[PDB]
């Protein structure tokens, strides 16, 4: 397809009641699910990125890292909270105990898969705006994709930071849309 939808880290631990919740993150699930249905209908590639951490990951507080344990491989916290079609491409990131990966491109084959499927433009949604959404969007820009941010299908943790990240992405050429 020429376009792809990239759904970033829509997992149980990043939703309210999870180990690392994005405030009101569950509120965007109907709209993310709607975009998935829409892109599926447009015959677009659908990609879902997930944090897929081993126990004792370097980013966790048990290793002096910044975050509580979250999105551990083969646990309920790592499960998707969105409805994905059978032909969704699943990208698992940060799987090695001593390597972190914020962007869905970092340490993965995402660029290669996108190009292999003839993708030219990518639509980004998911959580959190100022963290893995931002990083993924900026990395897609690096690789030469036209990048869109789905305004009504992202959520971040702090309003001031979400604010800064959106302004930043726009300035670097990422287009903010909804439909």
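Residue numbers count along the first chain shown, from 1.
Colleague: Taking only the CA atoms, which stretch has the higher mean B-factor in the record, 46-54 or 113-121?
Modeller: Between 46-54 and 113-121, it is 113-121.
Colleague: So, looking at the entry's B-factor column for Cα atoms, which has the higher mean, 70-78 or 91-99?
Modeller: That would be 91-99.
Colleague: Which is it among 19, 10, 166, 22: the one with the largest CA B-factor in the entry?
Modeller: Most elevated C-alpha B-factor of the set, per the entry: 166.
Colleague: Can you tell me which third, lowest, middle or highest, the CA B-factor of residue 60 falls into for its chain?
Modeller: Middle third.
Colleague: Taking the chain's C-alpha temperature factors as the reference, tell me which third residue 35 falls into: lowest, middle or highest.
Modeller: Lowest third, going by the recorded CA B-factors of the chain.
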